[PDB]
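Have a look at the structure below before the remarks.
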Amino acid sequence: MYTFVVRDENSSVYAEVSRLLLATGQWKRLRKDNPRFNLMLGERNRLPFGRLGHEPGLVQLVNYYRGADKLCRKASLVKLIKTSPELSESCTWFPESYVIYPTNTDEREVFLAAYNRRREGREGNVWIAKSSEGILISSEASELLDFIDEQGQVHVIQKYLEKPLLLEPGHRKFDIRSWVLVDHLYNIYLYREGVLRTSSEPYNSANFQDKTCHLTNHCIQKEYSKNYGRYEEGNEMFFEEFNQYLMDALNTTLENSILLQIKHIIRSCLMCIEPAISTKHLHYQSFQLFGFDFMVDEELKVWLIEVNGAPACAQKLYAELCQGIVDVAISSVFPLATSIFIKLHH
Amino acid sequence: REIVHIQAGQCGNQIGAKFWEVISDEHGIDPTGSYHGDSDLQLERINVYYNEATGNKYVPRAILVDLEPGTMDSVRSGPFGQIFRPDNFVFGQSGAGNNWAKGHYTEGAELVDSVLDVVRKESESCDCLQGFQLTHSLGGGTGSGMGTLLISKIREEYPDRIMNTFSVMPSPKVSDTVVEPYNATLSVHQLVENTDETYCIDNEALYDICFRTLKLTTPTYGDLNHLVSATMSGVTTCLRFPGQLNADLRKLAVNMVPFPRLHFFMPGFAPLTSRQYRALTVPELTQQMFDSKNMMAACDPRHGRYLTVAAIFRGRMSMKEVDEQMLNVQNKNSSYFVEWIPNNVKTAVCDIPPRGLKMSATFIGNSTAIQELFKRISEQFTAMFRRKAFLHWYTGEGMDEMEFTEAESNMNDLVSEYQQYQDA
Amino acid sequence: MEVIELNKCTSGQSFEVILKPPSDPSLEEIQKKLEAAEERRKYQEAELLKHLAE
Amino acid sequence: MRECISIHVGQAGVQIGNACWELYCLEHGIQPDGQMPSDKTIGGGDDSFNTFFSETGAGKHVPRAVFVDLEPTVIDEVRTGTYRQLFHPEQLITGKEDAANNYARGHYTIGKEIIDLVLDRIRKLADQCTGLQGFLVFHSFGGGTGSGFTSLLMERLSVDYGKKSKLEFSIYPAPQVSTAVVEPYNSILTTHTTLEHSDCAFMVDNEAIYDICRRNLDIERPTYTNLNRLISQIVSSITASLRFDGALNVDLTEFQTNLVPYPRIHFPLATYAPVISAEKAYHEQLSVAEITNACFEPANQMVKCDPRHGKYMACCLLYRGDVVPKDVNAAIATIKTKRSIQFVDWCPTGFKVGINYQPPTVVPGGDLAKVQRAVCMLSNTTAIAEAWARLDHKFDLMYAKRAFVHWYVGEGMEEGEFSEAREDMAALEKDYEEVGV
Ligand SMILES: Nc1nc2c(ncn2[C@@H]2O[C@H](COP(=O)(O)OP(=O)(O)OP(=O)(O)O)[C@@H](O)[C@H]2O)c(=O)[nH]1
Ligand SMILES: Nc1nc2c(ncn2[C@@H]2O[C@H](COP(=O)(O)OP(=O)(O)O)[C@@H](O)[C@H]2O)c(=O)[nH]1
Ligand SMILES: COc1ccc(N(C)c2nc(Cl)nc3cccc(F)c23)cc1
Ligand SMILES: [Ca+2]
Ligand SMILES: [Cl-]
Ligand SMILES: [Mg+2]
Ligand SMILES: [Mg+2]
């Protein structure tokens with residue numbers, strides 16, 4: 001009989017995982033501070049990795065990779081892509097990005113060298129700015145940096161994707177959320193189901209102060225959008241509909257036009273950091289569920305924008321994905337008495 | 001290093017004699033004091049309990065005390081009777097009539113100075129005396145009243161030594177007189193203040209063990225005392241045998257007693273034996289030693305939480321298996337071990353098994369469930385005391401009802417202090 | 001990656017390898033502490049003996 | 001030539017000292033009676049081994065060592081054991097009753113009146129020294145003697161020998177072999193009181209030695225004897241440069257210079273490879289690259305932690321056996337490409353390397369196999385602060401209930417010393433965190 005402890009109550013995915021674990025009759029839950037656990041569903045902040053794997057008679061397993069923040073916080077991920085030979089500054093699937101600190105190392109004096117070549121060459125010169133609410137998409141820099149310095153945290157600003165793929169009917173934008181589980185053996189598992197978080201407002205390439213047709217967040221769309229839910233329930237188009245659409249409208253499959261690229265990006269990122277975070281020879285073991293956020297341009301080219309390290313699922317898919325976490329991440333290590341994941345290897 | 005042993009009153013001297021028989025056998029010493037064992041593990045720490053005398057003889061560092069000579073004579077006539085030095089028999093003639101007050105205030109006071117003389121003589125022949133262990137019941141008169149008088153005297157003369165007791169608790173299922181609760185409560189008040197560590201040997205538990213599981217229909221005091229001498233040999237094995245852990249009374253106090261007053265230990269033993277052939281496996285030894293049914297204090301350990309635990313495995317077995325099983329107990333029941341004392345369970349291994357067993361395990365728990373014991377006593381106490389019944393036996397020896405009220409309160413405070421840490 | 005200060009001898013050698021440049025109380029107070037703790041100890045013992053004398 | 005005095009305190013310190021000095025005698029060809037035939041300068045000399053051994057007119061080579069315990073049973077085993085003749089009686093000092101696992105009992109009650117005798121015997125050794133450079137102190141964190149008496153001894157050494165270096169070999173407490181429930185209290189207490197009196201400390205977590213013994217020695221349930229022969233290999237690896245010809249870490253001041261830039265952060269991590277069972281029938285001898293690579297596996301560290309999520313301030317490689325510089329530099333190059341090695345910005349990225357061509361000596365009949373080459377890495381990485389986190393956490397759990405505190409207060413210690421020591425450790429943990437994140 002196995003024991004676990006729950007140190008992040010505000011996690012939908014692992015709330016569900018706790019329930020399924022209990023419902024097996026082979027897992028009992030202990031108090032958040034009882035160190036004699038087999039499993040730790042840890043807190044999102046300052047998880048005590050240094051206290052794991054020092055309990056004799058206990059194989060211990062945690063649901064986070066110490067180190068993985070380097071991939072999952074925006075400035076960090078830019079730094080990692082630019083400096084890592086495996087990805088390099090010549091990376092073809094990440095947009096041009098730069099790390100900018102507020103007025104109160106930095107890259108704005110290297111930014112401007114590229115910005116002005118883009119304005120002179122008479123290219124599209126929209127840039128987006130954000131950190132890890134408070135977003136500015138502009139066409140001239142002195143709006144960007146001016147906004148950055150009103151806030152007080154490190155920011156990244158990056159070449160906005162000016163020619164996205166637009167779903168018809170609607171002429172609207174979207175992003176693709178992929179859910180990837182990495183297990184203690186460092187198998188990379190892409191969940192068969194992705195989601196398209198769409199916008200409900202036709203794409204207005206004119207004024208970039210309206211964020212309703214340029215940012216695809218499930219929140220901003222329920223609250224501040226006109227017709228949230230006109231085309232798909234909850235502004236969420238799943239993979240079968242989207243594949244159908246690509247076949248009907250564009251004469252391709254989702255696998256061919258897009259997924260090949262998403263698998264290549266996922267595998268490349270994770271294999272890049274594998275030496276820094278793998279627990280292959282460690283006294284405790286890690287797994288972790290990641291949410292890779294992708295954007296497809298009008299030429300059917302996939303781009304990575306964020307990796308999130310503590311993602312939520314879509315209500316339809318919680319059951320199946322949480323059961324998959326239990327199967328591959330947890331029962332693999334602690335056995336009980338046709339898989340929904342595609343294994344990424346090359 | 002050296003321990004001085006005192007046994008007081010009927011029960012104190014009967015269990016004391018059984019203890020000296022049992023560990024004398026374990027250490028290879030015969031009723032004359034002549035060592036006749038084979039191994040040398042038996043002698044490395046033989047001086048903790050024995051004095052070396054002329055002609056390579058071994059004399060227990062044991063003082064025998066009573067207010068009536070009946071039982072002391074019974075010991076002299078008994079099997080090991082002639083191993084004790086005769087000068088260490090200190091007895092009166094009047095008895096104590098199952099009266100704590102006679103033992104503590106009137107008859108006992110008359111005798112206690114000569115006991116303390118013998119105590120002092122034994123202690124000054126000690127290279128480094130670590131302290132004293134006392135055996136006594138709490139429900140009679142000599143053991144409870146005069147043994148606690150002794151203990152506070154001994155503390156006055158030796159305030160920097162360890163005072164340890166084996167204290168048998170009275171049970172109506174095994175009862176001599178109705179005033180036993182009175183006596184016990186007065187004694188517990190004493191013990192809470194003046195011992196460092198007390199083994200609570202419940203006669204209720206010993207009766208239930210003989211009856212429900214040893215299938216003895218009419219348990220005698222002999223049957224109870226066989227269980228007691230097994231427990232005693234077990235809880236003192238790390239004291240008298242050389243091991244990795246070089247243990248003594250003070251380290252045991254330091255490690256077992258997080259707060260001074262909560263020093264009342266629940267002892268346990270496995271396999272439960274009666275006065276067999278199947279060898280126990282280490283998983284079986286470990287499951288039994290933790291079983292409520294193998295403990296000598298009638299309490300439900302699931303009704304409380306373990307502050308500290310010390311466990312002793314006697315026999316030739318796998319130290320690897322012992323470690324795995326102990327860790328498995330803690331990890332599969334961690335609910336019942338306080339989380340604010342990390343790694344509160346420690347284990348020791350001795351190669352020599354007790355007589356007649358290839359393997360055994362002794363358990364020493366400091367559980368908050370021990371409160372159940374005292375609650376029992378307090379209820380019985382109050383049942384009489386509210387009607388002031390049988391008090392005249394005590395006021396006739398000088399005592400005031402106020403003293404009863406004080407001891408009752410102190411015991412109820414002890415119960416509360418245990419309850420404090422059962423919910424922390 | 002450059003190798004410097006190579007010293008060597010019949011028993012062995014030593015050297016450095018650079019990969020990249022750089023981007024008490026007195027005896028008095030002590031015996032005072034020891035004696036303070038001995039005073040607290042002697043006082044607790046006196047409290048105990050006075051209680052026993054009561 | 002400048003002398004080194006070893007001081008062994010409490011059970012762990014004495015048994016580890018036994019192991020180390022047995023090893024030293026094997027390595028320098030000193031027999032159990034103290035005779036070293038290869039020593040042609042009879043009655044004296046200023047050779048390298050003389051920093052650890054003095055010489056008698058009768059050709060006897062005598063450790064510059066003091067053993068001190070508050071109870072007699074363990075040092076009595078030195079007095080009657082194989083190397084009884086090696087040690088002069090007045091270097092073996094015992095009390096009557098131990099510190100009962102109680103830091104305050106060791107520091108205050110029992111310490112107070114064996115301290116002057118110990119310092120007098122230490123002075124009888126120092127007076128035999130033309131130029132003493134300082135002390136190597138062996139002790140557990142967990143014992144009442146090893147914690148409390150050691151910290152008193154360290155304070156006094158700073159007083160009576162203020163210009164001298166003091167090094168620690170410190171056993172960190174592990175439940176699988178620990179003897180007492182209060183070892184976190186003692187650990188924190190003795191670390192706080194010793195921090196400013198120690199120039200460099202090598203911490204050894206019994207949990208790491210225990211696991212190394214099980215995994216690589218195939219010992220079911222390791223004893224102290226197992227652990228100590230392994231620990232003594234590592235200690236010999238660390239001190240070989242004080243006892244042999246060479247140019248790296250030749251005096252005690254050089255350990256501070258090379259390994260401790262910031263004085264408070266003076267706990268270097270030690271990694272040691274290879275550890276091979278004597279019962280391994282067929283063994284393929286590991287290369288320079290394989291053992292240097294093993295120096296970066298956590299499973300070979302003296303303390304389990306993850307240096308990948310920390311930063312380095314220094315790094316020394318001590319080889320013994322068939323090793324030449326170019327093979328070391330090749331190994332390092334490839335290792336740098338495949339591993340997460342981040343130095344602090346204000347420190348060079350680099351390795352000080354020391355090679356002694358005599359391969360490790362192994363105790364006959366021990367558990368460790370002879371090997372053609374072995375390395376000990378000494379790295380000052382912030383990751384070792386994980387150990388302090390663990391220790392501090394255990395402390396905070398007990399102290400929040402003041403569990404067992406009464407045992408210390410009753411020895412004359414004040415409750416405030418507990419929160420003061422803990423205060424200090426909070427400071428230490430923060431120093432580490434902002435040197436390395
Ligand atoms: N590695 C190793 N650890 C030891 C050894 N002996 C004891 N220890 C560890 O040291 C701690 C106990 O400290 P000890 O040195 O045994 O106690 P002490 O310093 O003698 O102090 P007291 O006995 O309290 O007077 C525990 O964590 C033990 O596991 C040993 O020989 N080798
Ligand atoms: N377990 C056990 N209890 C005993 C024994 N003899 C007496 N008792 C118990 O001790 C109490 C009687 O006290 P006792 O020792 O005879 O009186 P004392 O001589 O005045 O101290 C009662 O609770 C008895 O049940 C014995 O041999 N074994
Ligand atoms: C944390 O709980 C602890 C409890 C006890 C102890 N020591 C001091 C022991 N002493 C004695 Cl006499 N018998 C023991 C028997 C078994 C285990 C022990 F550990 C014993 C150490 C720690
Ligand atoms: Ca010489
Ligand atoms: Cl000096
Ligand atoms: Mg009777
Ligand atoms: Mg000791």
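Convention: chains lettered A, B, ... in structure tokens order; per-chain residue numbering from 1; ligands numbered from 1 as shown.
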Residues near residue 5 of chain C, anyone? I mean within 8 Å using only C-alpha atoms, not counting same-chain ones fewer than 6 positions away, as a VMD selection string. chain C and resid 14 to 16
If you run DSSP on the backbone here, which positions in chain C get helix (DSSP H, G or I)? Please write them as a VMD selection string. chain C and resid 27 to 53
Let me have all residues with an atom within 8 Å of ligand 5, counting only C-alpha atoms and all ligand atoms, laid out as a PyMOL selection string. chain D and resi 160-164
Go ahead and save the picked residues with N, CA and C atoms, as a PDB file, in the first residue's frame.
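The result, written out as selection-v9.pdb:
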```pdb
ATOM      1  N   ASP D 160      44.268  29.524  22.527  1.00  0.00           N
ATOM      2  CA  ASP D 160      45.655  29.162  22.813  1.00  0.00           C
ATOM      3  C   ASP D 160      46.553  29.032  21.586  1.00  0.00           C
ATOM      4  N   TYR D 161      46.016  29.096  20.366  1.00  0.00           N
ATOM      5  CA  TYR D 161      46.767  28.880  19.118  1.00  0.00           C
ATOM      6  C   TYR D 161      46.146  29.688  17.991  1.00  0.00           C
ATOM      7  N   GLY D 162      46.063  30.998  18.171  1.00  0.00           N
ATOM      8  CA  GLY D 162      45.174  31.785  17.336  1.00  0.00           C
ATOM      9  C   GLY D 162      45.582  31.865  15.877  1.00  0.00           C
ATOM     10  N   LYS D 163      46.868  31.713  15.583  1.00  0.00           N
ATOM     11  CA  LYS D 163      47.342  31.831  14.210  1.00  0.00           C
ATOM     12  C   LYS D 163      47.289  30.504  13.454  1.00  0.00           C
ATOM     13  N   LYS D 164      46.825  29.437  14.092  1.00  0.00           N
ATOM     14  CA  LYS D 164      46.906  28.109  13.508  1.00  0.00           C
ATOM     15  C   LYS D 164      45.615  27.755  12.787  1.00  0.00           C
TER      16      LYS D 164
END
```
Hey, which residues come within 10 Å of ligand 3 if we count only C-alpha atoms and all ligand atoms? Could you give them as an NGL selection string? (:B and (234-240 or 245-258 or 307-313 or 341-350 or 361-366)) or (:D and (100-101 or 175 or 178-183))
Show me which residues sit within 8 Å of ligand 7 when counting only C-alpha atoms and all ligand atoms, and put them as a PyMOL selection string. (chain B and resi 246) or (chain D and resi 10-11+69-71+74+98-101+143-145)
Restrict the selected residues to C-alpha atoms and save them as a short mmCIF file (atom, residue, chain, number, x, y, z; two decimals), in the first residue's frame.
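Wrote out12.cif, looks like this:
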```
data_model
loop_
_atom_site.label_atom_id
_atom_site.label_comp_id
_atom_site.auth_asym_id
_atom_site.auth_seq_id
_atom_site.Cartn_x
_atom_site.Cartn_y
_atom_site.Cartn_z
CA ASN B 246 26.42 1.07 24.42
CA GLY D 10 34.00 10.98 20.94
CA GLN D 11 33.18 7.54 19.67
CA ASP D 69 36.33 10.54 24.87
CA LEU D 70 34.21 11.24 27.95
CA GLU D 71 33.79 7.52 28.67
CA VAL D 74 36.08 2.87 23.07
CA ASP D 98 29.82 10.12 28.71
CA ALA D 99 27.75 13.14 27.69
CA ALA D 100 24.54 11.04 27.40
CA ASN D 101 23.86 12.24 23.82
CA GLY D 143 27.22 12.55 19.85
CA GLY D 144 27.02 14.51 23.07
CA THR D 145 30.81 14.42 23.33
#
```
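Using only C-alpha atoms, the chain A residues found within 7 Å of chain B amount to residues 34, 36 and 57 of chain A.
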Near-ligand residues for ligand 4, threshold 9 Å, only C-alpha atoms and all ligand atoms, as a CSV table (one decimal) with N, CA, C and O atoms, in the first residue's frame:
```csv
chain,number,residue,atom,x,y,z
D,36,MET,N,59.7,2.2,11.1
D,36,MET,CA,59.6,2.4,9.6
D,36,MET,C,61.0,2.2,9.0
D,36,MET,O,61.8,3.1,8.9
D,38,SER,N,62.2,2.1,5.9
D,38,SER,CA,62.7,3.0,4.9
D,38,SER,C,63.1,4.3,5.4
D,38,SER,O,63.7,5.1,4.7
D,39,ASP,N,62.9,4.6,6.7
D,39,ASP,CA,63.4,5.9,7.3
D,39,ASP,C,64.8,5.7,7.8
D,39,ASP,O,65.1,5.2,8.8
D,40,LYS,N,65.8,6.2,6.9
D,40,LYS,CA,67.2,6.2,7.3
D,40,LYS,C,67.6,7.2,8.3
D,40,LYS,O,68.5,7.0,9.1
D,41,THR,N,66.9,8.4,8.3
D,41,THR,CA,67.2,9.4,9.3
D,41,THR,C,66.5,8.9,10.6
D,41,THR,O,65.3,9.1,10.8
D,42,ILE,N,67.3,8.2,11.4
D,42,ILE,CA,66.8,7.7,12.7
D,42,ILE,C,66.8,8.7,13.7
D,42,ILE,O,67.7,9.6,13.9
D,43,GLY,N,65.7,8.8,14.5
D,43,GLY,CA,65.6,9.7,15.6
D,43,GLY,C,65.1,11.1,15.2
D,43,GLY,O,64.9,12.0,16.1
D,44,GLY,N,64.8,11.3,13.9
D,44,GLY,CA,64.3,12.6,13.5
D,44,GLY,C,64.3,12.8,12.0
D,44,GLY,O,64.5,11.8,11.3
D,45,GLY,N,64.0,14.0,11.6
D,45,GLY,CA,64.0,14.3,10.2
D,45,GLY,C,63.0,15.4,10.0
D,45,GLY,O,62.1,15.7,10.8
D,46,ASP,N,63.0,16.0,8.8
D,46,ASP,CA,61.9,16.8,8.3
D,46,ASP,C,61.4,16.3,7.0
D,46,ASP,O,61.2,17.1,6.0
D,47,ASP,N,61.1,15.0,6.9
D,47,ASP,CA,60.4,14.5,5.7
D,47,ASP,C,59.0,14.9,5.7
D,47,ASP,O,58.5,15.6,6.6
D,49,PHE,N,56.2,12.8,5.7
D,49,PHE,CA,55.4,12.0,6.7
D,49,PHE,C,55.6,12.5,8.1
D,49,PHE,O,54.8,12.3,8.9
D,50,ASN,N,56.7,13.2,8.4
D,50,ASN,CA,57.0,13.7,9.7
D,50,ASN,C,56.0,14.7,10.1
D,50,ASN,O,56.0,15.1,11.3
D,54,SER,N,56.0,11.8,14.7
D,54,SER,CA,57.3,12.1,15.4
D,54,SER,C,58.1,10.9,15.5
D,54,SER,O,57.6,9.7,15.3
D,55,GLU,N,59.4,11.0,15.9
D,55,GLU,CA,60.3,9.9,16.0
D,55,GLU,C,61.0,9.8,17.3
D,55,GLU,O,61.4,10.9,17.9
D,59,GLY,N,63.8,4.7,17.1
D,59,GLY,CA,63.3,4.4,15.8
D,59,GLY,C,61.8,4.3,15.7
D,59,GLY,O,61.3,3.8,14.6
D,61,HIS,N,58.0,5.5,15.3
D,61,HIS,CA,57.3,6.6,14.6
D,61,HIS,C,55.9,6.7,15.2
D,61,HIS,O,55.1,5.8,15.1
```
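Each of D:227, D:398, D:252, D:389 was compared to chain A using only C-alpha atoms, and D:389 turns out to be the nearest.
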Counting only C-alpha atoms, give me one row per residue of chain C with an atom at most 8 Å from an atom of chain B, showing the shortest contact pair and its distance in Å to one decimal, sorted by chain then residue number, as a Markdown table.
```
| residue | atom | partner | partner_atom | distance |
| --- | --- | --- | --- | --- |
| C:45 | CA | B:159 | CA | 7.7 |
| C:49 | CA | B:156 | CA | 6.4 |
| C:52 | CA | B:156 | CA | 6.7 |
```
What's around segment 311-314 of chain A at 9 Å? Count only C-alpha atoms, leave out sequence neighbours fewer than 2 positions away in its own chain, and write the answer as a short mmCIF file (atom, residue, chain, number, x, y, z; two decimals) with N, CA, C and O atoms, in the first residue's frame.
```cif
data_model
loop_
_atom_site.label_atom_id
_atom_site.label_comp_id
_atom_site.auth_asym_id
_atom_site.auth_seq_id
_atom_site.Cartn_x
_atom_site.Cartn_y
_atom_site.Cartn_z
N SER A 11 -4.56 22.86 -7.68
CA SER A 11 -4.24 22.23 -8.95
C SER A 11 -5.39 21.31 -9.34
O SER A 11 -5.63 20.30 -8.67
N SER A 12 -6.08 21.66 -10.43
CA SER A 12 -7.18 20.83 -10.91
C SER A 12 -6.71 19.43 -11.31
O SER A 12 -7.31 18.41 -10.91
N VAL A 13 -5.62 19.36 -12.08
CA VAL A 13 -5.13 18.07 -12.57
C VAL A 13 -4.81 17.13 -11.41
O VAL A 13 -5.22 15.96 -11.39
N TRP A 179 -0.31 18.66 -24.38
CA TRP A 179 0.02 18.23 -23.03
C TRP A 179 1.04 17.10 -23.07
O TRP A 179 0.78 16.02 -23.62
N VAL A 195 -5.74 20.81 -27.86
CA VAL A 195 -6.87 21.73 -27.89
C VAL A 195 -6.49 22.99 -28.65
O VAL A 195 -5.35 23.46 -28.59
N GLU A 236 -13.26 26.31 -27.68
CA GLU A 236 -12.30 25.22 -27.63
C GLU A 236 -12.64 24.24 -28.73
O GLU A 236 -13.64 23.52 -28.65
N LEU A 289 4.14 17.06 -15.83
CA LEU A 289 3.22 17.38 -16.91
C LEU A 289 3.45 18.82 -17.34
O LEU A 289 3.48 19.73 -16.50
N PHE A 290 3.64 19.02 -18.65
CA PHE A 290 3.92 20.30 -19.27
C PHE A 290 2.83 20.64 -20.27
O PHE A 290 2.23 19.75 -20.89
N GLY A 291 2.61 21.94 -20.46
CA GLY A 291 1.72 22.43 -21.48
C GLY A 291 2.47 23.26 -22.50
O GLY A 291 2.91 24.38 -22.19
N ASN A 308 4.38 26.00 -20.30
CA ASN A 308 3.90 26.19 -18.94
C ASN A 308 4.13 24.92 -18.14
O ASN A 308 3.81 23.82 -18.61
N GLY A 309 4.65 25.08 -16.91
CA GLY A 309 5.07 23.97 -16.06
C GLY A 309 4.04 23.43 -15.08
O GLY A 309 4.29 22.40 -14.44
N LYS A 316 -13.30 18.37 -20.79
CA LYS A 316 -13.60 17.11 -21.46
C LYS A 316 -12.50 16.08 -21.23
O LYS A 316 -12.80 14.88 -21.10
N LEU A 317 -11.24 16.51 -21.14
CA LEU A 317 -10.11 15.60 -21.20
C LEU A 317 -9.48 15.30 -19.84
O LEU A 317 -8.62 14.41 -19.77
N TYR A 318 -9.89 15.99 -18.77
CA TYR A 318 -9.34 15.74 -17.44
C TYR A 318 -9.29 14.25 -17.09
O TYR A 318 -8.24 13.72 -16.73
N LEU A 321 -6.74 12.13 -19.26
CA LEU A 321 -5.35 12.53 -19.06
C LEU A 321 -4.86 12.23 -17.64
O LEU A 321 -3.71 11.80 -17.45
#
```
DSSP on the backbone: which residues in segment 189-390 of chain B end up as strand (DSSP E)? Give the answer as an MDAnalysis selection string. chainID B and resid 197:202 264:270 306:315 345:350 359:367
Tell me which protein, DNA and RNA residues are within 7 Å of segment 257-269 of chain D, counting only C-alpha atoms, leaving out same-chain ones fewer than 3 positions away, and put them as a list in words. residues 195, 199, 200, 201, 202, 203, 253, 254, 302, 303, 314, 315, 378, 379, 380, 381 and 384 of chain D
